[PDB]
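Remarks on the overall topology
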Amino acid sequence: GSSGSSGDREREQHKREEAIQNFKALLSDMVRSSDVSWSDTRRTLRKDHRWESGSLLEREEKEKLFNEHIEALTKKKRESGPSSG
């Protein structure tokens, strides 16, 4: 079908989707490090502006995202404990 996307085919979900991606990006930008704890993070994000819209994601959802973002970062880190299977 037409490559270009247009129309109000998907608005409901879309609304949320935006929050999801936006949340992740905000985590990397704000929390670029991986040596931090959820508590501190959440509190910090709670002050951010975008966070407002992030409300969509339930406490659990948000917490999960952050954690995942951290573990992922370390992986990139050149020097890091022996992680294999």
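Here the structure is shown first, and the text comes after it.
Report follows, based on the coordinates. (Residues numbered from 1 in each chain as written, not as in the entry; some residues may be left out. Heavy atoms only, no water.)

Some remarks on helix 1 (residues 12–30)
Here helix 1 is 19 residues long and its end C-alpha atoms lie 28 Å apart, about the 27 Å a rise of 1.5 Å per residue gives. Within the span of helix 1, buried status applies to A19, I20, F23, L26 and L27. Taken end-on, helix 1 shows its buried residues confined to a sector of 135°, consistent with a single buried face. The outward face of helix 1, more than 90 degrees from its buried face, is lined by the exposed residues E18, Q21 and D29. (Helix = DSSP H or I, 4+ residues; strand = E, 2+ residues; numbered from the N terminus. Expected span 1.5 Å × (residues − 1). Buried < 20%, exposed > 50% of the residue type's maximum accessible area, 1.4 Å probe, protein only. Arc of directions from axis to C-beta.)

As for helix 2 (residues 38–47)
For helix 2, every residue scored as buried is listed here: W38, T41 and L45. Buried residues of helix 2, seen end-on, are gathered within an arc of 65° and therefore sit on one face of the element. Exposed side chains of helix 2 directed beyond 90 degrees from the buried face belong to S39, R43 and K47. Buried residues along helix 2 sit in contact with helix 1, helix 3 (51–54) and helix 4 (59–76). (Contact = heavy atoms within 4.5 Å.)

Overview of the nonpolar core
The biggest cluster of nonpolar side chains holds 12 residues, and these are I20, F23, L26, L27, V31, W38, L45, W51, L57, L65, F66 and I70. Contributing elements (two or more residues each) for this core: helix 1, helix 2 and helix 4. Take this core: its biggest share by element is four residues, from helix 1. What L45 contacts, discounting residues up to four positions off in sequence, is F23, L26, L27, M30, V31 and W51. (Core = buried A, V, L, I, M, F, W, Y, C linked by side-chain atoms within 4.5 Å.)

So, the packing of aromatic side chains
To describe a pair of aromatic rings, you give the distance between the ring centres and the angle between the ring planes. Across all of its chains, the model carries two aromatic pairs by this definition. Ring geometry for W38 and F66: centres 5.5 Å apart, planes at 45°, overall tilted. Residue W38 is found in helix 2, and its partner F66 is found in helix 4; the two are separated by 28 residues along the sequence. Comparing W38 with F66, the two get one shared label, buried. Between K62 and the ring centre of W51, over which it is positioned, the NZ or CZ distance is 3.1 Å. (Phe/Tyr/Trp six-rings, centres within 6.5 Å; stacked < 30°, edge-to-face > 60°. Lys NZ or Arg CZ within 6 Å of the ring centre and 35° of its normal.)

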